[PDB]
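There is one chain below, alone, in structure tokens, taken in the form deposited in one PDB entry.
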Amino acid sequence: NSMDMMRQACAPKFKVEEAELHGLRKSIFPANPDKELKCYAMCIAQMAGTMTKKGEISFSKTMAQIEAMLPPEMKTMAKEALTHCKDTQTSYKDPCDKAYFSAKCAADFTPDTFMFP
């Protein structure tokens, strides 16, 4: 898994622990997480290349990634979720918030669908 290779790259850098991370991997995103957990989600986005140097999330890149990565029969639902959640980042100034709440929006929209490293 480049999923586990992504978590392994980011996790040691943040004050996060296995229970938190297990939760995200299972599409469970608390509404009020530690800042460190939000910044872990940002680290993941950066490594996947979905975060722009200005600290915004690329919808077009995230969409392209789903298209190669998800089971064929999950793709339309995952695309609907990303489309719906596209604007979520625009309500947060902090780039850790943008990345974390973007993923939470998608995870909430269609549970048991996304793979969060």
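Position 1 is the first residue in the sequence shown; the rest follow in order.
Beyond what is shown, the protein has a form solved in complex with a small molecule; the following relates to that form.
Quick check on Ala103: any heavy atom within 4.5 Å of the small molecule in the deposited bound form?
Answer yes; at least one heavy atom of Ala103 falls within 4.5 Å of the small molecule in the deposited bound form.
Report yes if any heavy atom of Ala78 sits within 4.5 Å of a heavy atom of the small molecule in the deposited bound form; otherwise report no.
No, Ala78 stays farther than 4.5 Å from the small molecule in the deposited bound form.
May I ask you to check whether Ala99 falls inside a 4.5 Å heavy atom distance of the small molecule in the deposited bound form?
Flag for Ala99 set to yes.
Quick one: does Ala41 come within 4.5 Å of the small molecule in the deposited bound form, counting heavy atoms only?
Heavy-atom contact with the small molecule at 4.5 Å: present for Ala41.
The small molecule in the deposited bound form: within 4.5 Å of a heavy atom of each of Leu21, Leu24 and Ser27?
Judged in the deposited bound form, none of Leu21, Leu24 and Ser27 sits within 4.5 Å of the small molecule.
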